Amino acid sequence: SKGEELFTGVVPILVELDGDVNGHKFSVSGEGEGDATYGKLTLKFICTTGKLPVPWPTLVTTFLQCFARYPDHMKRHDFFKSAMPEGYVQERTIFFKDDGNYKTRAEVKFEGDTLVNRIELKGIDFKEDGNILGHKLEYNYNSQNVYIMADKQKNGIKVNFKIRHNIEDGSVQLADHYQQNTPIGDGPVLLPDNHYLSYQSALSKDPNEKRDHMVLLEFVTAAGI
């Protein structure tokens, strides 16, 4: 990785998302730091447009794989850091089971010493009586492993994963993710063998914060090779 080195220590992070869900327009600013040496992420997101039209947890996967910890033996698989500083593109479609789907485009990259994640979010065909438009998911998240594969034609990566949000009534709400990554430069990247990223995330609330917002603590480690 010619970007391996950019992550060697504590990185400032910055996240900006602009959203639209069923005409339900919004904005979130996030900021924290990442210490890729420990596959560790620390962040705080604020709804700058007042309250969130959806559920925080629904935005978690959208809200930084370059911060992942690839064990040494797997370094030759780090696409993420391979893209930097240049950066990469992340696009997604999130089909919420029995509900609407989100579409996402992001540009992840460096701005000086800050790692920036800029996102455009558009969700459609959501139900006002939904779990989503209805806000019935619990404020939590479960651990999970994602199946990473190389997308050569595209000089990038292709990923597919399921996410299960809990419904307050004790049920489960599926969010089928589908995803592509492509480098932002015409620069050389690291095409990986299939492996995975194992995640763990913990959401919280800021006792002092008075605004709509999310505290998230995640851990991500490469595995499978």
# chains A, B, ... in the order shown; residues from 1 in each chain; ligands from 1
>>> residues_around(residues="stretch 133-140 of chain A", least_positions_apart="5", cutoff="9 Å", atoms="only C-alpha atoms", output="count of residues only")
23
>>> residues_around(residues="stretch 28-31 of chain A", least_positions_apart="4", cutoff="6 Å", atoms="only C-alpha atoms", output="VMD selection string")
chain A and resid 13 to 17 43 to 48
>>> write_last_selection(atoms="N, CA, C and O atoms", output="short mmCIF file (atom, residue, chain, number, x, y, z; two decimals), in the first residue's frame")
data_model
loop_
_atom_site.label_atom_id
_atom_site.label_comp_id
_atom_site.auth_asym_id
_atom_site.auth_seq_id
_atom_site.Cartn_x
_atom_site.Cartn_y
_atom_site.Cartn_z
N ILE A 13 -11.11 12.51 11.42
CA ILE A 13 -12.14 12.10 10.51
C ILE A 13 -13.21 13.11 10.51
O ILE A 13 -13.57 13.77 11.50
N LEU A 14 -13.75 13.13 9.34
CA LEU A 14 -14.75 14.05 9.01
C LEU A 14 -15.81 13.42 8.07
O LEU A 14 -15.52 12.83 7.03
N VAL A 15 -17.09 13.54 8.45
CA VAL A 15 -18.17 13.00 7.66
C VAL A 15 -19.31 13.97 7.38
O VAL A 15 -19.92 14.59 8.26
N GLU A 16 -19.64 14.07 6.11
CA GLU A 16 -20.72 14.92 5.65
C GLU A 16 -21.61 14.12 4.71
O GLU A 16 -21.12 13.55 3.68
N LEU A 17 -22.89 14.08 5.12
CA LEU A 17 -23.96 13.42 4.40
C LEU A 17 -25.14 14.35 4.22
O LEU A 17 -25.60 15.05 5.09
N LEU A 43 -16.62 8.14 16.66
CA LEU A 43 -17.28 9.21 15.99
C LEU A 43 -18.54 9.74 16.60
O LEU A 43 -19.25 9.05 17.31
N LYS A 44 -18.83 10.99 16.22
CA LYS A 44 -20.03 11.69 16.66
C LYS A 44 -20.67 12.43 15.52
O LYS A 44 -20.09 13.31 14.90
N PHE A 45 -21.90 12.04 15.28
CA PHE A 45 -22.72 12.59 14.21
C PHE A 45 -23.91 13.42 14.66
O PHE A 45 -24.75 12.99 15.45
N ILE A 46 -24.01 14.56 14.06
CA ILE A 46 -25.13 15.47 14.35
C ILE A 46 -26.09 15.73 13.18
O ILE A 46 -25.66 15.91 12.03
N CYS A 47 -27.41 15.73 13.48
CA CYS A 47 -28.38 16.04 12.43
C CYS A 47 -28.39 17.52 12.38
O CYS A 47 -28.90 18.14 13.28
N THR A 48 -27.79 18.11 11.37
CA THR A 48 -27.81 19.55 11.40
C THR A 48 -29.12 20.16 10.95
O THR A 48 -29.35 21.34 11.20
#
>>> closest_residue(among="A:206, A:91, A:212, A:113", to="residue A:159", atoms="only C-alpha atoms")
A:91
>>> closest_residue(among="A:62, A:27, A:208, A:37", to="residue A:221", atoms="only C-alpha atoms")
A:37
>>> closest_residue(among="A:12, A:25, A:209, A:4", to="residue A:112", atoms="only C-alpha atoms")
A:12
>>> select_by_dssp(residues="stretch 46-164 of chain A", states="strand (DSSP E or B)", output="number ranges by chain")
A: 46-47, 69, 88-96, 101-111, 114-124, 137, 144-151, 156-164
>>> atom_distance(atom1="atom CA of residue A:149", atom2="atom CA of residue A:196")
8.3 Å
>>> residues_around(residues="residue A:5", least_positions_apart="5", cutoff="12 Å", atoms="only C-alpha atoms", output="PyMOL selection string")
chain A and resi 10-11+36-37+66+75+81-85
>>> closest_residue(among="A:71, A:123, A:32, A:130", to="residue A:92", atoms="only C-alpha atoms")
A:123
>>> residues_around(residues="residue A:96", least_positions_apart="3", cutoff="8 Å", atoms="only C-alpha atoms", output="ChimeraX atom specification")
/A:99-102,173-176
>>> write_last_selection(atoms="N, CA and C atoms", output="PDB file, in the first residue's frame")
ATOM      1  N   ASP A  99     -39.802  -2.904   2.733  1.00  0.00           N
ATOM      2  CA  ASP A  99     -39.799  -1.443   2.793  1.00  0.00           C
ATOM      3  C   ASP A  99     -39.016  -0.769   1.667  1.00  0.00           C
ATOM      4  N   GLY A 100     -38.757   0.552   1.761  1.00  0.00           N
ATOM      5  CA  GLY A 100     -38.049   1.253   0.694  1.00  0.00           C
ATOM      6  C   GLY A 100     -36.549   0.911   0.631  1.00  0.00           C
ATOM      7  N   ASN A 101     -35.852   1.483  -0.340  1.00  0.00           N
ATOM      8  CA  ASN A 101     -34.429   1.222  -0.448  1.00  0.00           C
ATOM      9  C   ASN A 101     -33.624   2.533  -0.489  1.00  0.00           C
ATOM     10  N   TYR A 102     -32.411   2.507   0.059  1.00  0.00           N
ATOM     11  CA  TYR A 102     -31.505   3.648   0.022  1.00  0.00           C
ATOM     12  C   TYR A 102     -30.497   3.423  -1.098  1.00  0.00           C
ATOM     13  N   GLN A 173     -35.504  -6.366  11.205  1.00  0.00           N
ATOM     14  CA  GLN A 173     -35.674  -5.622   9.975  1.00  0.00           C
ATOM     15  C   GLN A 173     -34.421  -5.690   9.057  1.00  0.00           C
ATOM     16  N   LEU A 174     -34.552  -6.492   7.969  1.00  0.00           N
ATOM     17  CA  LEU A 174     -33.507  -6.690   6.972  1.00  0.00           C
ATOM     18  C   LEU A 174     -33.260  -5.461   6.115  1.00  0.00           C
ATOM     19  N   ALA A 175     -31.967  -5.233   5.886  1.00  0.00           N
ATOM     20  CA  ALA A 175     -31.412  -4.203   5.079  1.00  0.00           C
ATOM     21  C   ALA A 175     -30.380  -4.919   4.243  1.00  0.00           C
ATOM     22  N   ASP A 176     -30.756  -5.298   3.052  1.00  0.00           N
ATOM     23  CA  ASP A 176     -29.822  -6.015   2.212  1.00  0.00           C
ATOM     24  C   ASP A 176     -28.882  -5.042   1.597  1.00  0.00           C
TER      25      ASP A 176
END
>>> atom_distance(atom1="atom CA of residue A:110", atom2="atom CA of residue A:184")
11.4 Å
>>> residues_around(residues="residue A:93", least_positions_apart="3", cutoff="8 Å", atoms="only C-alpha atoms", output="list in words")
residues 101, 102, 103, 104, 177, 178 and 179 of chain A
>>> select_by_dssp(residues="stretch 13-192 of chain A", states="alpha helix (DSSP H)", output="number ranges by chain")
A: 56-59, 79-82
>>> write_last_selection(atoms="N, CA and C atoms", output="CSV table (one decimal), in the first residue's frame")
chain,number,residue,atom,x,y,z
A,56,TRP,N,-31.1,6.4,13.2
A,56,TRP,CA,-29.7,6.4,13.3
A,56,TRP,C,-29.0,5.1,12.8
A,57,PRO,N,-29.3,4.0,13.5
A,57,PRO,CA,-28.7,2.7,13.1
A,57,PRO,C,-28.8,2.4,11.6
A,58,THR,N,-29.8,2.9,10.9
A,58,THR,CA,-30.0,2.7,9.4
A,58,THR,C,-28.8,3.4,8.6
A,59,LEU,N,-28.2,4.4,9.3
A,59,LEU,CA,-27.1,5.2,8.6
A,59,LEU,C,-25.7,4.7,8.9
A,79,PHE,N,-7.3,-2.9,-0.2
A,79,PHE,CA,-7.6,-2.0,-1.2
A,79,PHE,C,-7.8,-0.6,-0.7
A,80,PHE,N,-8.5,-0.5,0.4
A,80,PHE,CA,-8.8,0.7,1.1
A,80,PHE,C,-7.8,1.8,1.3
A,81,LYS,N,-6.7,1.3,1.8
A,81,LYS,CA,-5.6,2.2,2.0
A,81,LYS,C,-4.8,2.3,0.8
A,82,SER,N,-4.9,1.2,-0.1
A,82,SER,CA,-4.2,1.3,-1.4
A,82,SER,C,-4.7,2.5,-2.2
>>> residues_around(residues="residue A:8", least_positions_apart="5", cutoff="12 Å", atoms="only C-alpha atoms", output="ChimeraX atom specification")
/A:1-3,34-39,66-69,81
>>> atom_distance(atom1="atom CA of residue A:192", atom2="atom CA of residue A:78")
6.6 Å
>>> residues_around(residues="residue A:158", least_positions_apart="5", cutoff="7 Å", atoms="only C-alpha atoms", output="VMD selection string")
chain A and resid 148 to 151 179 to 181
>>> decode(residues="stretch 57-106 of chain A", atoms="N, CA and C atoms", output="mmCIF file, in the first residue's frame")
data_model
loop_
_atom_site.group_PDB
_atom_site.id
_atom_site.type_symbol
_atom_site.label_atom_id
_atom_site.label_comp_id
_atom_site.auth_asym_id
_atom_site.auth_seq_id
_atom_site.Cartn_x
_atom_site.Cartn_y
_atom_site.Cartn_z
ATOM 1 N N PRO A 57 -29.260 3.982 13.487
ATOM 2 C CA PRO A 57 -28.735 2.692 13.054
ATOM 3 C C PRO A 57 -28.798 2.408 11.565
ATOM 4 N N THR A 58 -29.842 2.899 10.872
ATOM 5 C CA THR A 58 -29.972 2.708 9.442
ATOM 6 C C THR A 58 -28.837 3.398 8.648
ATOM 7 N N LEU A 59 -28.196 4.402 9.255
ATOM 8 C CA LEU A 59 -27.133 5.163 8.618
ATOM 9 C C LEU A 59 -25.718 4.738 8.943
ATOM 10 N N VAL A 60 -25.574 3.819 9.895
ATOM 11 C CA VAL A 60 -24.276 3.311 10.388
ATOM 12 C C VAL A 60 -23.301 2.714 9.375
ATOM 13 N N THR A 61 -23.800 1.893 8.499
ATOM 14 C CA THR A 61 -22.870 1.361 7.504
ATOM 15 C C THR A 61 -22.455 2.452 6.497
ATOM 16 N N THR A 62 -23.323 3.430 6.349
ATOM 17 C CA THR A 62 -23.046 4.484 5.424
ATOM 18 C C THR A 62 -22.007 5.406 6.021
ATOM 19 N N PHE A 63 -22.253 5.774 7.272
ATOM 20 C CA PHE A 63 -21.373 6.612 8.014
ATOM 21 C C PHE A 63 -20.021 5.960 8.099
ATOM 22 N N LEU A 64 -16.128 3.747 6.538
ATOM 23 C CA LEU A 64 -14.705 4.115 6.617
ATOM 24 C C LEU A 64 -13.770 2.847 6.636
ATOM 25 N N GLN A 65 -13.858 1.907 5.650
ATOM 26 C CA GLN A 65 -13.024 0.669 5.580
ATOM 27 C C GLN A 65 -11.488 0.810 5.523
ATOM 28 N N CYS A 66 -11.042 1.977 5.190
ATOM 29 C CA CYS A 66 -9.636 2.275 5.149
ATOM 30 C C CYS A 66 -9.099 2.279 6.584
ATOM 31 N N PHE A 67 -10.015 2.406 7.599
ATOM 32 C CA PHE A 67 -9.606 2.398 9.026
ATOM 33 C C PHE A 67 -9.512 1.018 9.619
ATOM 34 N N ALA A 68 -9.706 0.032 8.757
ATOM 35 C CA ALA A 68 -9.685 -1.354 9.153
ATOM 36 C C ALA A 68 -8.304 -1.841 9.467
ATOM 37 N N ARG A 69 -8.203 -2.881 10.305
ATOM 38 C CA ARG A 69 -6.903 -3.414 10.649
ATOM 39 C C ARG A 69 -6.695 -4.677 9.856
ATOM 40 N N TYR A 70 -5.792 -4.636 8.907
ATOM 41 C CA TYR A 70 -5.458 -5.800 8.115
ATOM 42 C C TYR A 70 -4.302 -6.425 8.779
ATOM 43 N N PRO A 71 -4.395 -7.708 9.187
ATOM 44 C CA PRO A 71 -3.228 -8.290 9.808
ATOM 45 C C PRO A 71 -2.099 -8.247 8.805
ATOM 46 N N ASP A 72 -0.872 -8.262 9.324
ATOM 47 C CA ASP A 72 0.276 -8.142 8.463
ATOM 48 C C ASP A 72 0.232 -9.018 7.229
ATOM 49 N N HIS A 73 -0.042 -10.274 7.464
ATOM 50 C CA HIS A 73 -0.063 -11.193 6.369
ATOM 51 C C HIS A 73 -1.092 -10.814 5.365
ATOM 52 N N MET A 74 -2.015 -9.965 5.725
ATOM 53 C CA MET A 74 -2.990 -9.643 4.708
ATOM 54 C C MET A 74 -2.826 -8.284 4.103
ATOM 55 N N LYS A 75 -1.831 -7.551 4.513
ATOM 56 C CA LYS A 75 -1.639 -6.225 3.967
ATOM 57 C C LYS A 75 -1.771 -6.125 2.434
ATOM 58 N N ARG A 76 -1.246 -7.142 1.738
ATOM 59 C CA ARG A 76 -1.312 -7.153 0.256
ATOM 60 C C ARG A 76 -2.758 -7.151 -0.242
ATOM 61 N N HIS A 77 -3.756 -7.168 0.682
ATOM 62 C CA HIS A 77 -5.165 -7.182 0.306
ATOM 63 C C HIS A 77 -5.824 -5.899 0.600
ATOM 64 N N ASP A 78 -5.128 -4.955 1.236
ATOM 65 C CA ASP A 78 -5.831 -3.703 1.514
ATOM 66 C C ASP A 78 -6.120 -2.768 0.425
ATOM 67 N N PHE A 79 -7.271 -2.935 -0.165
ATOM 68 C CA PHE A 79 -7.650 -2.028 -1.223
ATOM 69 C C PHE A 79 -7.774 -0.599 -0.714
ATOM 70 N N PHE A 80 -8.486 -0.493 0.416
ATOM 71 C CA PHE A 80 -8.819 0.745 1.080
ATOM 72 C C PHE A 80 -7.755 1.761 1.270
ATOM 73 N N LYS A 81 -6.674 1.303 1.812
ATOM 74 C CA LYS A 81 -5.572 2.170 2.037
ATOM 75 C C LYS A 81 -4.792 2.266 0.782
ATOM 76 N N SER A 82 -4.946 1.249 -0.087
ATOM 77 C CA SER A 82 -4.244 1.314 -1.364
ATOM 78 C C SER A 82 -4.685 2.540 -2.176
ATOM 79 N N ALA A 83 -5.970 2.942 -2.077
ATOM 80 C CA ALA A 83 -6.565 4.094 -2.812
ATOM 81 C C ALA A 83 -6.132 5.553 -2.497
ATOM 82 N N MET A 84 -5.678 5.713 -1.264
ATOM 83 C CA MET A 84 -5.235 6.969 -0.671
ATOM 84 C C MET A 84 -3.831 7.399 -1.106
ATOM 85 N N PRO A 85 -3.606 8.713 -1.121
ATOM 86 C CA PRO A 85 -4.565 9.720 -0.696
ATOM 87 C C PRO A 85 -5.710 9.912 -1.597
ATOM 88 N N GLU A 86 -5.446 9.521 -2.817
ATOM 89 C CA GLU A 86 -6.430 9.656 -3.859
ATOM 90 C C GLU A 86 -7.810 9.426 -3.300
ATOM 91 N N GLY A 87 -8.026 8.256 -2.786
ATOM 92 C CA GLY A 87 -9.333 8.035 -2.293
ATOM 93 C C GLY A 87 -10.064 7.105 -3.208
ATOM 94 N N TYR A 88 -11.235 6.738 -2.700
ATOM 95 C CA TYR A 88 -12.086 5.823 -3.389
ATOM 96 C C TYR A 88 -13.519 6.243 -3.298
ATOM 97 N N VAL A 89 -14.291 5.617 -4.214
ATOM 98 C CA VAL A 89 -15.719 5.779 -4.296
ATOM 99 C C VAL A 89 -16.412 4.534 -3.747
ATOM 100 N N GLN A 90 -17.412 4.829 -2.949
ATOM 101 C CA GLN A 90 -18.284 3.871 -2.365
ATOM 102 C C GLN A 90 -19.726 4.216 -2.812
ATOM 103 N N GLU A 91 -20.376 3.243 -3.447
ATOM 104 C CA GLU A 91 -21.762 3.341 -3.874
ATOM 105 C C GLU A 91 -22.570 2.174 -3.275
ATOM 106 N N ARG A 92 -23.813 2.448 -2.868
ATOM 107 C CA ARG A 92 -24.628 1.398 -2.286
ATOM 108 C C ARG A 92 -26.105 1.480 -2.534
ATOM 109 N N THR A 93 -26.734 0.326 -2.427
ATOM 110 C CA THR A 93 -28.149 0.262 -2.565
ATOM 111 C C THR A 93 -28.519 -0.560 -1.383
ATOM 112 N N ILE A 94 -29.447 -0.044 -0.609
ATOM 113 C CA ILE A 94 -29.876 -0.732 0.556
ATOM 114 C C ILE A 94 -31.366 -0.931 0.476
ATOM 115 N N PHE A 95 -31.691 -2.183 0.184
ATOM 116 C CA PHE A 95 -33.046 -2.629 0.097
ATOM 117 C C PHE A 95 -33.479 -3.011 1.487
ATOM 118 N N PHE A 96 -34.392 -2.236 2.044
ATOM 119 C CA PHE A 96 -34.865 -2.553 3.346
ATOM 120 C C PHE A 96 -35.983 -3.565 3.107
ATOM 121 N N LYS A 97 -35.905 -4.759 3.719
ATOM 122 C CA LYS A 97 -36.934 -5.756 3.498
ATOM 123 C C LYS A 97 -38.367 -5.256 3.793
ATOM 124 N N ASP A 98 -39.269 -5.546 2.869
ATOM 125 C CA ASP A 98 -40.659 -5.143 2.987
ATOM 126 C C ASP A 98 -40.850 -3.666 3.045
ATOM 127 N N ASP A 99 -39.802 -2.904 2.733
ATOM 128 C CA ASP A 99 -39.799 -1.443 2.793
ATOM 129 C C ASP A 99 -39.016 -0.769 1.667
ATOM 130 N N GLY A 100 -38.757 0.552 1.761
ATOM 131 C CA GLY A 100 -38.049 1.253 0.694
ATOM 132 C C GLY A 100 -36.549 0.911 0.631
ATOM 133 N N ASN A 101 -35.852 1.483 -0.340
ATOM 134 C CA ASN A 101 -34.429 1.222 -0.448
ATOM 135 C C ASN A 101 -33.624 2.533 -0.489
ATOM 136 N N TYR A 102 -32.411 2.507 0.059
ATOM 137 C CA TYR A 102 -31.505 3.648 0.022
ATOM 138 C C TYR A 102 -30.497 3.423 -1.098
ATOM 139 N N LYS A 103 -30.048 4.536 -1.618
ATOM 140 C CA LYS A 103 -29.060 4.554 -2.670
ATOM 141 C C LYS A 103 -27.999 5.480 -2.146
ATOM 142 N N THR A 104 -26.729 5.077 -2.184
ATOM 143 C CA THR A 104 -25.648 5.912 -1.666
ATOM 144 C C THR A 104 -24.352 5.967 -2.489
ATOM 145 N N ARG A 105 -23.841 7.216 -2.563
ATOM 146 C CA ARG A 105 -22.605 7.554 -3.222
ATOM 147 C C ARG A 105 -21.731 8.323 -2.261
ATOM 148 N N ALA A 106 -20.489 7.901 -2.135
ATOM 149 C CA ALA A 106 -19.554 8.548 -1.232
ATOM 150 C C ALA A 106 -18.156 8.665 -1.819
#
